[PDB]
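See below for the structure under consideration.
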Amino acid sequence: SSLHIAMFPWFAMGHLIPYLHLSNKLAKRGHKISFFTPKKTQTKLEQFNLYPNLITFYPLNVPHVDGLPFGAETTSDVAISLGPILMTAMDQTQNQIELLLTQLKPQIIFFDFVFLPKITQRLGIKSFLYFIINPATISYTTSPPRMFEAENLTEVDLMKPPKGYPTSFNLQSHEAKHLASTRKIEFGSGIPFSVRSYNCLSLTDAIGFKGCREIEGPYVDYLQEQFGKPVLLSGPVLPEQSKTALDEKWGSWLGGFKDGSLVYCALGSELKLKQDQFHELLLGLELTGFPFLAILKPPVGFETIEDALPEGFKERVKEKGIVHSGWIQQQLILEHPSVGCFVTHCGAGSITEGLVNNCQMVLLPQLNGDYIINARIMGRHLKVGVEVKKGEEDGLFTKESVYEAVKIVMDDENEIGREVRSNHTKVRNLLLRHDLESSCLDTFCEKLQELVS
Ligand SMILES: O=c1c(O[C@@H]2OC[C@@H](O)[C@H](O)[C@H]2O)c(-c2ccc(O)c(O)c2)oc2cc(O)cc(O)c12
Ligand SMILES: O=c1ccn([C@@H]2O[C@H](COP(=O)(O)OP(=O)(O)O)[C@@H](O)[C@H]2O)c(=O)[nH]1
């Protein structure tokens with residue numbers, strides 16, 4: 001039988017988009033989806049609704065919280081430092097979520113962050129904490145062994161995996177420092193960030209992750225052993241086709257470059273670089289001599305790209321490079337044959353989009369546990385990309401380190417570049433295998449049926 005699933009993702013494009021990708025896959029299997037979305041954001045989500053008779057948007061009014069800029073709905077509308085206030089606003093949607101669940105009566109609700117399971121169990125609804133970040137990240141930072149150390153969890157503690165963690169990778173000091181401090185910072189309604197997610201893991205009926213057994217398997221198994229409840233895999237949430245074609249201005253411009261020659265650089269929809277690293281990144285792209293498209297917000301303190309560019313940059317780069325601040329159709333650009341290289345911040349969505357395409361992967365993780373852990377998995381486990389070197393303590397890169405990573409992967413004769421191309425091809429062939437996502441979804445849906453039995 002078909003399930004009625006409500007979707008309540010976090011107010012971030014990187015969550016709304018894969019939740020919608022998955023919603024389309026579920027609706028293709030006949031499941032009815034009630035998709036909760038901030039009101040104004042719905043208009044930008046319609047392009048992805050491929051089953052409007054089965055996927056219905058229900059608007060949420062993102063409530064005022066002091067400090068939240070007026071009208072803000074998504075982390076793409078606020079500075080990164082304001083995310084915790086937006087999380088308070090998500091928390092404050094509880095009354096309109098309660099009303100929506102009582103009138104719609106879904107069997108399951110997929111959610112982020114809102115540690116909701118008390119409400120759903122009162123209503124006879126199953127709660128499903130559905131992560132679109134890597135289970136390797138949640139396992140590394142939010143498994144019980146981490147939380148029981150409470151505020152005795154040090155940067156040195158975070159340099160090693162929690163007890164029983166299934167794999168090995170190295171963090172730099174500044175990354176472990178980042179994880180040790182930001183973990184404690186309130187993220188909505190006075191709740192420390194890692195405590196919030198731990199509460200969700202603890203209180204939810206079941207957990208799910210974007211991913212497949214071949215890659216995410218060991219972490220989902222670890223989390224299932226740790227939290228003693230089902231930890232499902234949706235499949236890798238392969239991007240679905242939008243109803244909107246590639247913007248002709250980008251299509252025309254990209255079409256003027258030789259196949260595989262262009263370096264696409266984008267650091268997601270939330271973050272702003274500081275100026276010095278904005279400069280180093282752009283000068284590093286320039287040093288390669290390849291054409292490039294860099295999708296970047298103006299750096300901290302600046303309101304336009306033009307004002308922040310290194311001196312003489314436009315005049316030197318001429319028509320071979322564009323630095324652009326607006327939202328673009330990233331998935332469609334990564335499919336364009338001109339793109340030979342993706343310099344990515346290693347956001348989980350961007351990783352999948354790179355993996356399913358042909359672009360060589362250059363890993364520029366920004367300071368966020370999921371970006372960093374994605375970068376280590378991609379660079380050291382799957383070995384599908386080359387990571388730009390950062391200072392051990394300062395977390396900064398040089399323009400030369402950017403240059404060298406792009407040069408390595410774009411050089412047909414470079415053995416490391418050939419290696420990551422070959423490994424990327426192996427991973428792409430897995431993710432796109434004719435039965436991989438479908439068999440993941442088969443299992444996913446069977447386990448969801450078990451959840452509501
Ligand atoms: O990056 C992280 C992340 O996602 C990010 O959390 C921070 C927000 O600002 C971003 O928009 C969001 O993508 C989440 C998260 C996402 C969805 C959830 O339901 C949830 O409980 C946690 O956990 C994390 C835990 C870490 O130890 C480290 C991280 O780096 C993240
Ligand atoms: O200008 C942009 C920036 C981002 N994205 C999409 O937004 C999502 C960003 O998610 P990700 O996890 O990569 O990073 P985040 O933006 O959450 O930091 C991905 O699907 C990108 O394709 C896009 O289409 N256009």
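Remember, it's 1-based here, ligands and their atoms both numbered in the order they're listed. If you read the sequence from its start, that first residue is 1, and numbering goes on from there.
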Show your working on salt bridge (charged side-chain N to carboxylate O under 4.0 Å, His left out) between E175 and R376 and close with a plain yes or no.
CA-CA 12 Å; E175 296 168 335; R376 295 303 136 72; 2.7 Å; yes
Any heavy atom of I328 under 4.0 Å from ligand 2? The part involved is both
Starting from atom 29 (C) of ligand 1, which protein heavy atom do you reach first, and at what distance in Å?
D370 N, 3.8 Å
Mind checking whether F111 and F8 have ring centres under 6.0 Å apart?
no
Polar-atom distance check: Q331 versus ligand 2, any N or O pair below 3.5 Å?
no
At under 4.0 Å between heavy atoms, which part of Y140 makes contact with ligand 1: side chain, backbone, both or neither?
neither
Judging by distance only, is a nitrogen or oxygen of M13 under 3.5 angstrom from one on ligand 2?
no
Identity and distance of the protein heavy atom lying nearest atom 13 (O) of ligand 2:
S350 OG, 2.6 Å
Does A12 have a heavy atom less than 4.0 Å from any atom of ligand 2?
no
Can you find a heavy atom in the side chain of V384 that is under 4.5 Å from one in the side chain of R428?
no
For the aromatic rings, using the six-membered ring if either is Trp, is the centroid distance between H324 and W250 under 6.0 Å?
yes
Could you tell me whether a side-chain N or O of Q331 sits under 3.5 Å from a main-chain N or O of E240, the two making a donor and an acceptor?
yes
The closest protein heavy-atom partner of atom 8 (C) of ligand 1 is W10 NE1, 3.6 Å
Are any of the N or O atoms of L267 closer than 3.5 Å to those of ligand 2?
no
Residues two or more places apart in sequence or in another chain: which of them pass side-chain contact (heavy atoms from CB on, under 4.5 Å) with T182?
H178
Numbered in order shown, the ligand 1 atoms found under 4.0 Å of a heavy atom of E270 are 10 (C), 11 (O)
Aromatic centroids of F302 and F278 separated by under 6.0 Å:
no
Closest non-hydrogen protein atom to atom 18 (O) of ligand 2, residue and atom name please, with distance?
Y371 OH, 2.7 Å
Name the option, out of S269, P239, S242, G349, that contains the heavy atom nearest to atom 16 (O) of ligand 2.
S269
closest protein heavy atom to atom 31 (C) of ligand 1 is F193 CZ, 3.7 Å
Nearest heavy atom to atom 26 (C) of ligand 1 wins, so pick from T141, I133, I373, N368.
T141
For ligand 1, is there an N or O atom under 3.5 Å from any N or O atom of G369?
yes
For residues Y264 and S338, is any side-chain donor paired with an opposing acceptor at under 3.5 Å?
no
Given that the side chain starts at C-beta and the backbone is N, CA, C, O, which of these parts of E353 lies under 4.0 Å from ligand 2, counting heavy atoms, or is it both or neither?
side chain
Mutual orientation of the aromatic rings belonging to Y198 and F227 [parallel < 30°, tilted 30-60°, perpendicular > 60°]
tilted
Shortest protein heavy-atom distance from atom 28 (C) of ligand 1, along with the residue and atom involved:
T137 CG2, 3.7 Å
Under 3.5 Å: N/O of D112 near N/O of ligand 1
yes
Option of least heavy-atom distance to atom 6 (O) of ligand 1 (set: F115, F187, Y371, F113):
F113
Which residue holds the protein heavy atom closest to atom 3 (C) of ligand 2, what is that atom called, and what is the gap in Å?
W327 CZ3, 3.7 Å
Proximity flag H345 to ligand 2, non-hydrogen atoms under 4.0 Å
yes
So, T37 and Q42: side-chain donor and acceptor under 3.5 Å apart, yes or no?
no
Flag this pair as yes if the NZ/CZ of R146 is under 6.0 angstrom from the six-membered ring centre of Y140 and inside a 45 degree cone about the axis; otherwise no.
yes
Which of the ligand 2 atoms, numbered from 1, are nearer than 4.0 Å to a heavy atom of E270
18 (O)
With a 4.5 Å cut-off on side-chain heavy atoms, are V343 and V402 touching?
no
Can you tell me the protein heavy atom closest to atom 16 (C) of ligand 1 and the distance?
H15 CE1, 3.5 Å
Return yes if some donor-acceptor pair links the side-chain N/O of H31 with the main-chain N/O of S23 below 3.5 Å, else return no.
no
Taking 4.0 angstrom as the limit and counting only heavy atoms of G14, give me the atoms of ligand 2 inside it, by number and element.
10 (O), 17 (O)
Any sub-3.5 Å donor-acceptor pair from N134's side-chain atoms to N374's backbone N or O?
no
Below the 3.5 angstrom mark, is there an N/O of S197, backbone or side chain, next to an N/O of ligand 1?
yes
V339 side chain near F257 side chain, heavy-atom distance below 4.5 Å
no
For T75 and ligand 1, does the shortest N/O to N/O distance drop below 3.5 Å?
no
For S173, does its backbone N or O pair with a side-chain atom of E392 as donor and acceptor, under 3.5 Å?
yes
Structural part of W10 in contact with ligand 2, heavy atom criterion under 4.0 angstrom
neither
